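Convention: sequence-line order gives letters A, B, ...; per-chain numbering from 1. Whatever order the structure lists them in is the order used to number ligands and atoms, beginning at 1.
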Amino acid sequence: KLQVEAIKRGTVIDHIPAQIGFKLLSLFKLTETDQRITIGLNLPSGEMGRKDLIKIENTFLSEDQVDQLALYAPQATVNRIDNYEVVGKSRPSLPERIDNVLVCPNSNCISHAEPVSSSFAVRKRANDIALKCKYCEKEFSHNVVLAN
Amino acid sequence: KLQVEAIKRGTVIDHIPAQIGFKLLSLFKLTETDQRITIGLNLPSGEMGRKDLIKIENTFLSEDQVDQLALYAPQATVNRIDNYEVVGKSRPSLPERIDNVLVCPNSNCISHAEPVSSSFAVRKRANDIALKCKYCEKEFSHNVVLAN
Amino acid sequence: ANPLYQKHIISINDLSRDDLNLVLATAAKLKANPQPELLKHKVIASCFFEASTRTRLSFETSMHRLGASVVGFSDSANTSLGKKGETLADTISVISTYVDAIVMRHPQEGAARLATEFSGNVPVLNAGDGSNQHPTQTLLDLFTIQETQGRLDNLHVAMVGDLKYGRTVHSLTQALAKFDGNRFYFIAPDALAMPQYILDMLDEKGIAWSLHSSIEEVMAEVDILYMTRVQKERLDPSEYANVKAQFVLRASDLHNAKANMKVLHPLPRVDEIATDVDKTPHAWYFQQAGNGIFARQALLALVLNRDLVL
Amino acid sequence: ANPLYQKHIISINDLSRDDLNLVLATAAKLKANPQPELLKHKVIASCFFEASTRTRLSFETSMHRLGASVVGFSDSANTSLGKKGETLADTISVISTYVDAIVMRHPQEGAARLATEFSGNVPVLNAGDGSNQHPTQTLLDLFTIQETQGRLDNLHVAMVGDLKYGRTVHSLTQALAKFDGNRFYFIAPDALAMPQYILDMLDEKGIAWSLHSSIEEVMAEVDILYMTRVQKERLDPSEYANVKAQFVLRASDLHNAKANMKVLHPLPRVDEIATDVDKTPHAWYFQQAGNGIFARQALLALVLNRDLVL
Amino acid sequence: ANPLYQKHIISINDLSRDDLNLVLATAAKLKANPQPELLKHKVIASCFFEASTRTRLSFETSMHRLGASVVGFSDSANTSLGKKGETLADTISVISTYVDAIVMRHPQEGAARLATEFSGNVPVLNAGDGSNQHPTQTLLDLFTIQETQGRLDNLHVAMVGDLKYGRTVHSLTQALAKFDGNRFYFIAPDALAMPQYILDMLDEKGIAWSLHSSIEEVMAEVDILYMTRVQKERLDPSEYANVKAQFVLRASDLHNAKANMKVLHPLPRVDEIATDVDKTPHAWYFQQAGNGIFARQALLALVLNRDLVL
Amino acid sequence: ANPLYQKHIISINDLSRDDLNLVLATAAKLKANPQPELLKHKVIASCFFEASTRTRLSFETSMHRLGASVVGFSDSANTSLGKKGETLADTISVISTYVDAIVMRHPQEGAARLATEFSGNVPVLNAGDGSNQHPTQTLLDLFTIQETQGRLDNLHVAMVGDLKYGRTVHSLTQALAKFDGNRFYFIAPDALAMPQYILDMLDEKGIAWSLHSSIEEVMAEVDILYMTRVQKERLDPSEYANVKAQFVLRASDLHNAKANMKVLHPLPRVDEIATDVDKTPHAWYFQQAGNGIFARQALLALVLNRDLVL
Ligand SMILES: O=c1ccn([C@@H]2O[C@H](COP(=O)(O)OP(=O)(O)OP(=O)(O)O)[C@@H](O)[C@H]2O)c(=O)[nH]1
Ligand SMILES: O=c1ccn([C@@H]2O[C@H](COP(=O)(O)OP(=O)(O)OP(=O)(O)O)[C@@H](O)[C@H]2O)c(=O)[nH]1
Ligand SMILES: Nc1ccn([C@H]2C[C@H](O)[C@@H](COP(=O)(O)OP(=O)(O)OP(=O)(O)O)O2)c(=O)n1
Ligand SMILES: Nc1ccn([C@H]2C[C@H](O)[C@@H](COP(=O)(O)OP(=O)(O)OP(=O)(O)O)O2)c(=O)n1
Ligand SMILES: [Mg+2]
Ligand SMILES: [Mg+2]
Ligand SMILES: [Zn+2]
Ligand SMILES: [Zn+2]
């Protein structure tokens, strides 16, 4: 029945929203490996209607790595597979910091011209997420940071 | 077999070199669609040892679209699928022109930060491909253009 | 003679609704039927004390389309040194012995008005005086609105961007307020809101206006979307980053737009309007710029030629 | 060693109340008993990528009062080989092989923090990074407040002028909010109001603040009147002419001031404080500037010396 | 209509031998019989984003000789600041609503080509785009050669100087290679040799060329001596001193020159041609410059006037 | 006294192998055991007629590490009274009455040598004279080579980049040629080849050198990989885009590098060395820069002090 068949061992990231799967692959450099990767984009979903799905064999993610998905796929389910068994499920939790992947919206921030990784402090607000740049110390809505 | 199951209708790009599949996805914006997409990366191959594989349902490529693959996946097989059957096979050949995806290496070229699509005439020269910018009229080895 | 013959053109607030209509009607005529020799043997001064390439080329092109000769300069090089202790008064007293009309742009408010007091019988046309007036920009804007909407009354007009410091939106608002039934929507960050004195003027005339945080709130009912530039130099870059989303327009924002709706911008539009808007039938900022030629011709013709143009 | 030994001094946000008290105690001690050879044989880089004569002279004087040697530059838009092309990262990687500490001022926010990532074991002291931090100005301000008021808690502090764009008032407010029972009066044109994120910070700590239209509302209660400069270059000249009235201080405004009350101003003052204030016992902006020497001395001493022999 | 009516003139490589002949034939006609009203009521933009006084005066003079009006500017003042974030695309989209043709010079390669994609039905003529093309220089060069030699085929053409970086010699070589039987001599320091891609093009077409260390080697067989400027700024001054003798011409060098031989130089010639050459019958660089007028008139006429000139 | 006592330091061509060894031995000693009061009461002029921040800071730091005082200037196109008009001769005649030594950098070749003719008994140290000499850069390079390799003879040295215009590679090659058994690899675009006069010098001493198209040809054999910057401003942008490939270094290029191998670069590096090289044990360009302090200290100490108490 499954278009992208079951795997023996590794990680399956399920319940990724449409138009986010490819983004995850890019941002987190998931395809820079020799391990077998199988991907479904715009698959049907009961919970979600439609979804993306990423499988990476013989590869596992730390809780912190799973948490780095929070901003892009808050309802993702990260499945740890072994011997064709789901041996663990987890959901991303909003982490305390987000490194490398975001770009500071302050055009005068030193981060832009320079050999450093972006870094943001994360705090949840009532209707959005506030992201504070390590370098310029300005705090922006996640909606501003993610818009680029 | 088939980790990534057969589709009923659409296009299957087979025999993509390893570490080129994701690049094709990025460059040609292939995932910017609501059609179901399935992908295998680092799959075993009889012909190639390993390969990448991209399936895009209800989507077909012109001969000219197939040719844009030539620089990245010269031995690619582009399969047309209808009612679960392979109806056509094509391999890309060198196009006479490559638009949008390349970046002129001439830093003084007007193409940078102007609202135009990049464009290069393609000229074969025994070994390498020579690429001539539509704008600055400078010609570079394809290795130089692909480097950035 | 026509009502504007030998008149100075300094401020939108000195121009009546009848004057504005007369300029627009003359502009339509010259657009339909060129008169390339109307101002033959006139010499006009193009005096750009402050540089403004787009505005200057537009104006000089207008002079040539009517067959006039042009002399002039562009400074903003002698910005406050080299630029003499010689008064503007003296400069105008001299130049007004040379030419038949003076078109001038200047960094200080009131410069064109001062010029008229030393120009004798030589008319001066204000091409912009600091943050005060820019009446020919307003005239090309009105002409563009009139052409695309069929009228200057009973319109739904949205203005977006730097409403606080935009001399061009202040003037367009004053001009449209000379007509009846117009409805305004002001979309701006709090730090850049339409000034109270403009609001007071509308309230005094019983003209409806409302404030809105985004374009999407009113997209479905606007006939004119007049966008302005937010110059970064006044704002903190982080502040600019935080508010820019609400004064930026892209093609997808236009989904529910009326079929007649036109997007205007006095230019440059670099940040505010995405290039994907350019191909929509709503993009009208370049046509707007083109109409500068006809508005400026009309003005030159009316001021320098006694009889109405046919 | 002391808690500040070999630490970077980048942001007031990184300094605890104890840190601040330690710098201030050390500044008082050096002011009473100078140690002109404490930093003998140390070489300190004075790196003003952005020119700031007053701040640079103050800092370099502090270096010499402790006996240290100084090398450095102050940069217009140009100095030499590497810059324009080479990264700040590489510039710091090099200079940090030369010197025992780097004092740096830079036009981009975050520049000092980035420097810490390339300076190895060389401490970086932020003399100003764009509109972000200026922690040593804040330390000299706090030292002056503590010296004149005898405390940093339970104060009535008025802040007047451009509260929106003043990085020094933001930082001073954050620092004072590390202490207890302080109450704030903000007196600013609506266009230059203290930012909401500062107000939110104060609200979360239950620190009282209120807005006022003029300093006379609160003069009788004020312990510290902290004036800032209006960044008039951001403002329209007419607007700047309209605001300045409620934010200009004269000697007559001080008639019901408490005996202990001091007027502070990070300088330059040009319009904000009339020269007639200078003679009153309340004028303390020059003494404040002189205190920069002791606050900056204390910082260099603490960062570069393990133990405070007094 | 004539083959070049309403065509853009961007690159020598887009112009056929027939096009080149047509321009030259038109140039000869206008030289023999002026048509001072041919472009009456046309307005042409002279857009010198990069300043070039000699080229601009030449072009504007050509516009006036056909009776056209001119508007324009010359920058190289706003070199990379002040010069806006406004795209060249937008500038051209605007200017193309004003004028009937755009003549432009720009420091970036491809600028004129980009212009054509935003100019609508307004033709653009390339007055030079960085190190890429300068087709009207090549057209005046070819006209001058044709006039003095009676033909553009079977010539012995020497090119001397900076063959590596001279856009003008690259283009003249490409143009002459569209004709038959031409023989090239390239005299240049090794560091400044004619690029391989030009050599490959000649080999592909079976065209003979040879390299020579000095002018004297071939003086007796050349019909055209085309000298170019060696700009010092690329070379070390000591290096410049060491090679300059081989690309410098003086009257005594001409002893064995053919009677028909002409010396050409796109100018300025300050170092390369000694003033004692000026009075020889071989000096033809000023006449060459004069022919710029007729070549540029011919182009403007062909592009803007439907019918061939008689 | 020591052989360098009161000697001018102008050219690597004036320094024998023994001289070089003495500076290097002295630098090692001061690095191990600093003498912060050796030059107490000396005043040294830091005269940067040509600005060079990195070199100036390095030199002035060296002066302070020996306890000397410093006066000086760094000159854009302008400083003050005399210059522009007065001769370098007169400028030196004056300054040499003030100070105990002059360190000078200047845009014209020979400027330091001329200074020695007017400085009386005041030693001149050349910090760079146009495209001629930069002997203290060469001394710090040699010191770094000797410190990392344990010797200056029997080395395999690759030089990569702009070998034609790099005064520092020319000087380093001359200096290394004073030692025995060294072998050179030159990796450069044909347009930027090591000059013939350098190759002739090596040939006359029977010193082996060979050209290579890429560093991979010789990586396994290399002891020192000395990278230089490409003077891209001399090159056409397209040409510069075409060359850089074979002359850009990344971490992956170092896979078969010997354990002892160091990458050196006089800096700034911008394009030549990828930041990923920085973490490898081979990256030594920052340590190299730090060594400038000891080489420059050794020079000042030897020139200004008769006897090396260690
Ligand atoms: O491992 C998988 C999972 C799912 N799919 C494909 O995705 C679609 C859904 O298959 P699911 O198995 O995920 O259904 P579901 O009810 O569990 O969905 P959720 O609410 O949890 O989101 C089906 O079309 C299936 O073929 C795979 O191809 N492979
Ligand atoms: O549609 C496909 C094709 C192939 N694969 C997977 O790829 C691997 C190879 O399966 P193949 O079917 O491609 O074998 P092949 O001999 O035809 O390979 P080529 O030489 O043509 O390159 C197998 O592991 C298979 O499961 C899919 O998952 N889906
Ligand atoms: N050997 C396996 C087992 C599971 N999976 C995938 C299929 C699902 O996409 C995901 C989770 O498996 P479940 O059996 O738990 O599917 P559920 O729908 O029941 O779990 P959920 O509620 O999280 O959707 O892992 C897999 O690729 N290979
Ligand atoms: N309904 C189908 C049928 C085929 N395919 C895929 C499988 C192969 O990866 C590719 C080509 O199908 P073939 O059956 O032709 O496989 P071959 O190995 O025979 O062809 P080739 O020699 O080109 O590899 O298309 C598919 O996705 N869905
Ligand atoms: Mg499920
Ligand atoms: Mg197969
Ligand atoms: Zn930031
Ligand atoms: Zn290009």
*How close does the nearest protein non-hydrogen atom get to atom 22 (O) of ligand 3, and which residue and atom is it?*
A:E47 OE2, 4.0 Å
_Short N or O distance, A:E85 and ligand 3, threshold 3.5 Å exclusive_ = no
_If the threshold is 4.0 Å, N to carboxylate O, is there a salt bridge linking A:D52 and A:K23?_
no
*asked:* Just to check, does A:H15 reach to within less than 4.0 Å of ligand 3 when the distance is taken from its heavy atoms?
replied: yes
*Report, in ascending order of atom number, the atoms of ligand 3 lying under 4.0 Å from any heavy atom of A:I7.*
1 (N), 2 (C), 26 (C), 27 (O), 28 (N)
_Protein heavy-atom partner closest to atom 17 (P) of ligand 3 - residue, atom, separation in Å_ = A:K89 NZ, 4.3 Å
*Identify the residue among B:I54, B:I39, B:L41 that makes a side-chain contact (heavy atoms from CB on, under 4.5 Å) with B:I16.*
B:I54
*Do you know which of B:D82, B:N58, B:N83 makes side-chain contact (heavy atoms from CB on, under 4.5 Å) with B:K8?*
B:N83
_Test your reading of the model: is there a side-chain donor-acceptor pair from B:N79 to the backbone of B:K89, 3.5 Å cut-off?_
no
_Test your reading of the model: is there a side-chain donor-acceptor pair from B:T11 to the backbone of B:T59, 3.5 Å cut-off?_
yes
_For A:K55, atoms of ligand 3 separated by under 4.0 Å from a heavy atom_ = 26 (C), 27 (O)
_For A:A6, atoms of ligand 3 separated by under 4.0 Å from a heavy atom_ = 1 (N), 2 (C), 26 (C), 27 (O), 28 (N)
_Would you say E:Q196 and E:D200 are linked by a side-chain donor-acceptor pair, where the criterion is simply a distance under 3.5 Å?_
yes
*When you measure from atom 10 (C) of ligand 3 to every protein heavy atom, which one gives the shortest distance, and what is it?*
A:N79 ND2, 3.6 Å
_Among A:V87, A:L2, A:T38, A:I81, closest by any non-hydrogen atom to atom 4 (C) of ligand 3_ = A:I81
*Which ligand 3 atoms, with their elements, are less than 4.0 angstrom from a heavy-atom of A:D14?*
8 (C), 9 (O), 10 (C)
*Quick one: which ligand 3 atoms are inside 4.0 Å of a heavy atom on A:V12?*
6 (C), 25 (O), 26 (C), 27 (O)
*Are the side chain of B:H15 and the backbone N or O of B:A76 linked by a donor-acceptor pair below 3.5 Å?*
no
*Is a side-chain N or O of A:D67 found less than 3.5 angstrom from the main chain of A:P92, in a donor-acceptor match?*
no
*Less than 4.0 Å between atom 7 (C) of ligand 3 and some protein heavy atom, yes or no?*
no
*Short check: is a protein heavy atom less than 4.0 Å from atom 19 (O) of ligand 3?*
no
*asked:* I'd like to know whether NZ of A:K124 has more than 12 heavy-atom contacts from other residues, nucleotides or ligands below 6.0 angstrom.
replied: yes
*Does atom CD of B:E5 have more than 12 heavy-atom neighbours, drawn from other residues, nucleotides or ligands, at distances under 6.0 Å?*
yes
*Is_contact(atom 15 (O) of ligand 3), protein non-hydrogen, under 4.0 Å*: yes
*Kindly confirm or rule out an N or O of A:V86 lying under 3.5 angstrom from an N or O of ligand 3.*
no
